[PDB]
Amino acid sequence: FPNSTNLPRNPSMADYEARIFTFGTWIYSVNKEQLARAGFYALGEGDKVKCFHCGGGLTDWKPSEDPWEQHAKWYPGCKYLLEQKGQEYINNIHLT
């Protein structure tokens, strides 16, 4: 179950630097900057990633798909998400 509290499930991955580093060998076309910025880091197996905060896992990405958009699509309850895009952003992802 994703995290809903305000405590990062993976503290060691709270820095864009820490995270971005995991995409060192990334062979996929999904933009690793956006992924890291959206709060994800690579698990080194396939195109699987997780949110350092809510700890939600995402995989099987399509070319055009947007990290922030996805992160909100599947894990709305995430706080790190809430803090960067705000409730309004989220609500309109699900209502529309």
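Think of the rigid core as the biggest set of C-alphas that the two forms share within 1.5 Å after superposition. In case it trips you up, residue 1 is the first one in the sequence shown, and so on.
Choosing between 22-30 and 43-51, the greater Cα displacement from the shown form in 6 other deposited structures of this protein, fitted by the core, goes with 22-30.
Averaged as a root mean square over residues and superposed structures in 6 other deposited structures of this protein, CA distances to the shown form are larger in 59-67; the pair compared was 34-42 and 59-67 with a core fit. Across the two stretches, 81-89 and 10-18, the PDB entry reports the greater mean Cα temperature factor for 10-18. Relative to its counterpart among 54-62 and 27-35, 27-35 has the higher mean temperature factor, C-alpha atoms as listed in the PDB entry.
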